[PDB]
Asks: 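One structure, pasted below without further comment.
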2 protein chains.
Amino acid sequence: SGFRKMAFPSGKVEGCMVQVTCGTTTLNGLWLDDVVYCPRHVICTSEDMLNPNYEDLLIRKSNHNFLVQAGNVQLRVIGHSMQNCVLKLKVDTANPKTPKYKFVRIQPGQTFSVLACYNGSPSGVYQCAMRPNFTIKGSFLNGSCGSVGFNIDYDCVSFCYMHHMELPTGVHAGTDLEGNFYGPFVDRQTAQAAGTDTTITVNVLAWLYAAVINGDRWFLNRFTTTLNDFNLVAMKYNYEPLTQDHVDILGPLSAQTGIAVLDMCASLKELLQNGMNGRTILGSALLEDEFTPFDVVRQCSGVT
Amino acid sequence: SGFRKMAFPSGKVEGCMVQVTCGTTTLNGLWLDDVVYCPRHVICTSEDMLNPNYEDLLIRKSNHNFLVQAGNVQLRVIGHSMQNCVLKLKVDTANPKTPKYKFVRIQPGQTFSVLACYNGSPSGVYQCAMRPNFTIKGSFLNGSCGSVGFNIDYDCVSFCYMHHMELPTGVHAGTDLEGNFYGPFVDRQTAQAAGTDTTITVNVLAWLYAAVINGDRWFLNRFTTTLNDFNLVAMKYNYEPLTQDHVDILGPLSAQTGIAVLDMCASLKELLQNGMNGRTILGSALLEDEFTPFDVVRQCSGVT
Ligand SMILES: C[C@@]1(C(=O)Nc2cncc3ccccc23)CCOc2ccc(Cl)cc21
Ligand SMILES: C[C@@]1(C(=O)Nc2cncc3ccccc23)CCOc2ccc(Cl)cc21
């Protein structure tokens with residue numbers, strides 16, 4: 001029992017972190033097989049960030065201008081290429097610690113773990129979600145660029161995020177491992193504002209199921225609702241609309257607890273309308289939306 | 001910017017997790033050098049837990065009754081001993097992945113990361129604190145026993161907790177790595193109730209400093225207070241008394257923000273008396289107490 005914001009064990013990803021330096025800029029790289037992936041803005045100075053022409057800046061760089069250090073040993077760079085907003089640096093040595101891996105592009109609402117790194121060294125691990133506005137609410141300082149987000153399925157690491165930028169609002173933007181940004185963000189120091197950060201409804205419901213499983217049941221009411229009636233309330237509270245696909249995904253949690261998905265929707269509707277009244281659910285005074293239904297099942301079943 | 005409940009990278013500890021089985025009971029063990037540490041209740045059946053005589057039960061066990069598996073390979077047990085509530089199983093092979101380590105007994109209010117494990121395999125990592133009532137609010141299922149709590153200082157892992165038990169209230173109890181329980185808990189399935197779970201005041205103040213550093217400043221007021229006046233309020237709200245030692249420990253955060261510790265105490269006093277009024281601090285609607293002043297500095301400075 002108990003329910004925590006749990007991250008995946010980070011060891012498999014720690015074995016891939018390297019430091020990449022180009023000129024005077026240093027950030028993190030991800031070493032998988034004989035390729036090091038890193039944000040393309042490793043070639044920029046702080047002044048270049050205001051209006052960078054990456055293709056033009058990259059012409060002035062050769063393989064020997066990219067310094068890659070793994071632990072305390074230098075890797076030899078034998079090739080370089082730009083794919084969207086990431087650089088792929090071919091090295092002469094395959095990472096001996098390369099885990100089984102995939103590159104995946106996640107959908108908004110999906111969660112992942114982040115291994116925050118500085119100078120190719122891991123500082124910490126935390127769990128977050130891709131927000132509906134395609135930002136992440138991370139914890140990143142200068143030099144954290146190139147830190148990655150991932151999920152693990154038994155022994156396969158699915159890398160889904162590489163950190164690139166902090167917006168003026170303190171929220172974070174980045175790319176998948178093919179270098180495509182999540183959302184409309186561009187790798188330039190210009191006015192980029194995030195859209196509405198709505199609440200991931202299907203995740204809130206999963207966390208309410210997690211609360212019932214772990215004994216917190218005060219919020220369960222005598223009501224039910226319909227998808228359309230619930231969604232009228234969800235729109236009013238800046239919650240994402242719930243679809244039948246989300247109801248289907250909550251099926252296992254509904255079966256485990258014996259609480260129909262629409263009855264849980266009616267409990268959530270009352271919590272939105274009445275508030276918490278100073279009470280807590282799973283030690284929180286807000287409705288938590290960074291646990292997917294898959295996360296709740298995984299944590300409540302002990303998947304390793 | 002951004003502030004997350006961050007755990008230490010778990011790789012160094014994942015390299016130490018093994019499975020220990022005795023008879024029909026299986027739990028986790030921690031393999032460091034040529035010794036495997038695990039809860040002594042690995043020798044008990046579910047029926048033995050009601051009233052166990054560990055010394056008597058251990059007489060019926062020989063080295064070959066303890067099965068230790070690391071990954072998928074079996075370790076040879078060449079000795080066994082009981083130290084307080086843990087068993088130390090001497091194996092014939094030193095763990096090649098043994099990190100630099102220390103065994104430390106933490107004080108209430110101190111935080112650590114937990115690598116939750118099942119069958120010697122890591123499931124996840126999360127951050128928690130030793131509560132003032134010597135319980136931890138973890139996320140542990142049956143078979144998680146022997147999972148460990150730790151802190152990392154550059155390359156040295158200080159192990160501080162080994163999981164043993166879940167109380168009927170859903171909170172957790174365990175030992176240090178010498179087998180001594182934190183608090184008054186005993187490894188027996190009997191009525192053990194936890195004492196008052198008070199709020200770790202010095203941690204709340206550190207997290208308020210973290211909020212100011214990260215831009216959340218609405219709660220700062222025009223007031224100051226004294227240690228004695230603040231403590232009258234803290235006692236009323238089940239907060240731990242703040243001492244001059246705690247004020248000293250908040251010195252670096254006070255210097256970074258320019259906010260005197262007693263002025264932050266006055267802001268916290270007003271938050272306790274007035275509540276949040278539906279507002280949030282660092283995305284929380286409650287005052288967070290599982291970040292120490294050291295954690296706030298570490299996260300806000302990027303220590304690797
Ligand atoms: C490199 C830089 C940045 O956001 N980096 C950072 C990333 N994370 C946390 C940060 C905390 C504090 C300071 C910078 C942070 C700064 C200049 O403007 C830009 C513009 C675009 C891009 Cl793709 C990166 C950047
Ligand atoms: C072994 C056992 C236990 O608490 N273990 C567990 C530890 N963590 C999470 C649990 C979640 C669900 C089921 C059990 C959990 C059960 C019997 O009573 C006792 C009594 C004493 C001790 Cl030292 C251990 C135990």
Side-chain angles (χ1 to χ4, degrees), chain A residues 1-4 211 213-218 280 282-283 300 302, chain B residues 20 22-30 37-58 82-87 103-112 114 116-118 126-150 159-200 238-240 289-290:
Chain A
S1 101
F3 203 74
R4 282 278 187 181
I213 289 167
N214 289 277
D216 272 18
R217 313 164 55 99
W218 66 262
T280 63
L282 288 177
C300 297
Chain B
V20 180
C22 179
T24 62
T25 303
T26 291
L27 40 63
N28 305 283
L30 177 70
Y37 299 85
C38 77
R40 64 179 178 169
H41 70 255
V42 72
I43 70 182
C44 304
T45 69
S46 306
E47 206 199 337
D48 287 326
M49 290 316 300
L50 306 177
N51 188 15
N53 189 306
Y54 286 100
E55 295 86 355
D56 290 345
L57 287 176
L58 194 56
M82 180 167 57
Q83 181 180 17
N84 303 309
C85 301
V86 299
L87 297 180
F103 290 167
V104 303
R105 182 178 179 82
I106 59 166
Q107 279 288 284
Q110 295 299 127
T111 60
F112 56 93
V114 170
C117 292
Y118 297 92
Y126 55 86
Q127 190 75 353
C128 69
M130 176 57 54
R131 301 307 309 171
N133 65 1
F134 301 99
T135 64
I136 71 165
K137 297 199 166 122
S139 177
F140 292 113
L141 305 169
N142 189 74
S144 63
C145 309
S147 289
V148 302
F150 60 93
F159 291 100
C160 60
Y161 179 82
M162 176 167 277
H163 186 51
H164 287 241
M165 179 174 69
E166 184 167 84
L167 297 178
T169 53
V171 305
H172 301 112
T175 67
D176 53 29
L177 271 295
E178 300 181 333
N180 293 121
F181 265 92
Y182 283 101
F185 305 112
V186 301
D187 47 0
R188 172 192 190 182
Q189 191 184 135
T190 197
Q192 302 184 63
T196 312
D197 193 4
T198 58
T199 304
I200 308 150
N238 274 169
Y239 266 59
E240 285 289 296
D289 76 345
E290 297 195 351

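Below, chains carry the letters A, B, ... as their sequence lines are ordered, and counting in each starts from 1.
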Asks: Using every non-hydrogen atom in the two residues, find where B:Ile106 and B:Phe112 come nearest and quote the distance to one decimal.
Replies: CD1-CD2, 3.4 Å
Asks: Return the orientation label for the B:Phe103 and B:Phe159 ring planes: parallel under 30°, perpendicular over 60°, tilted otherwise.
Replies: perpendicular
Asks: Run B:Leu177 and B:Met162 through side-chain contact (heavy atoms from CB on, under 4.5 Å) and show every step you take.
Replies: CA-CA 6 Å; B:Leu177 271 295; B:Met162 176 167 277; 3.9 Å; yes
Asks: Consider side-chain hydrogen bond (donor to acceptor under 3.5 Å, both in side chains). Of B:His164, B:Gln83, B:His163, which one does B:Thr175 pass it with?
Replies: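 Checked B:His164, B:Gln83, B:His163 against B:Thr175; only one passes side-chain hydrogen bond (donor to acceptor under 3.5 Å, both in side chains): B:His164.
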Asks: Where do B:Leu58 and B:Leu87 land on the side-chain contact (heavy atoms from CB on, under 4.5 Å) test, with the steps shown first?
Replies: CA-CA 10 Å; B:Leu58 194 56; B:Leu87 297 180; 4.1 Å; yes
Asks: Between the side chain of B:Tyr161 and the main-chain N/O of B:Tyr182, is any donor-acceptor distance below 3.5 Å?
Replies: no
Asks: What is the minimum heavy-atom distance between B:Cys128 and A:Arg4, and which atoms define it?
Replies: CB-NH2, 3.6 Å
Asks: Between B:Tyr37 and B:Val148, does the side-chain contact (heavy atoms from CB on, under 4.5 Å) criterion hold? Intermediate values first, please.
Replies: CA-CA 10 Å; B:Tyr37 299 85; B:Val148 302; over 6 Å; no
Asks: Provide the closest heavy-atom pair for A:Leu282 versus A:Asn214 in the form atom of the first, atom of the second, distance.
Replies: CD2-CB, 4.0 Å
Asks: If you measure from CZ on B:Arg188 to SG on B:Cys85, what distance do you get to the nearest 0.5 Å?
Replies: 13.5 Å
Asks: First locate atom CD1 of B:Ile43, then atom OG1 of B:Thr25, and finally report the distance between them rounded to the nearest 0.5 Å.
Replies: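 It comes to 9.5 Å.
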Asks: Is it the case that the side chain of B:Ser139 and the backbone of A:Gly2 share a donor-acceptor pair, with hydrogens and angles ignored and the cut-off at 3.5 Å?
Replies: yes
Asks: Find the distance between OG (B:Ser144) and CD (B:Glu166) and round it off to the nearest 0.5 Å.
Replies: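 Here the rounded value is 8.0 Å.
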Asks: Which heavy atom of B:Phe185 sits nearest to which heavy atom of B:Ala193, and what is that distance?
Replies: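 It is CE2-O, 4.2 Å.
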Asks: Would you give the length of the straight line joining atom CD of B:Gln110 to atom SG of B:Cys160, rounded to the nearest 0.5 angstrom?
Replies: 9.5 Å
Asks: Under the 3.5 angstrom rule, does the side chain of B:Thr198 hit a backbone N or O of B:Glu240 as a donor-acceptor pair?
Replies: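 Flag not set: sc B:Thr198 to bb B:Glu240 has no pair under 3.5 Å.
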Asks: Looking at B:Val186, is its backbone amide N or carbonyl O close enough to the side chain of B:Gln192 to form a donor-acceptor pair, meaning the two atoms are under 3.5 Å apart?
Replies: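 It does hold such a pair.
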Asks: Which residues pass the side-chain contact (heavy atoms from CB on, under 4.5 Å) test with B:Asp48, not counting sequence neighbours?
Replies: B:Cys44, B:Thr45, B:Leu57
Asks: OG of B:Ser46 to NE2 of B:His41: how many Å apart, nearest 0.5 Å?
Replies: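 These two atoms lie 10.0 Å from each other.
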Asks: Using modelled atom types and a 3.5 Å cut-off, is there a donor and acceptor pairing between side-chain atoms of B:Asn28 and backbone atoms of B:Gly146?
Replies: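 Checking the backbone N and O of B:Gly146 against the side chain of B:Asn28, no donor-acceptor pair under 3.5 Å is found.
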Asks: Looking at every heavy atom in both B:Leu141 and A:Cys300, which two are closest together, and how far apart are they?
Replies: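 The pair with the smallest heavy-atom distance is CD1-O, 3.5 Å.
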Asks: Can you pull out every salt bridge (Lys or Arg N to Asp or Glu O under 4.0 Å) where at least one residue sits in residues 168-182 of chain B? Sequence neighbours excluded, please.
Replies: B:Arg105-B:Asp176
Asks: Ignoring hydrogens and angles, tell me if any N or O in the side chain of B:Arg131 forms a donor-acceptor pair with the backbone of B:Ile136 under 3.5 Å.
Replies: no
Asks: Locate the shortest heavy-atom distance separating B:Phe140 from B:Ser147; write the atom from each residue and the value.
Replies: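 Distance-wise, the nearest heavy atoms are CE2-CB, 4.0 Å.
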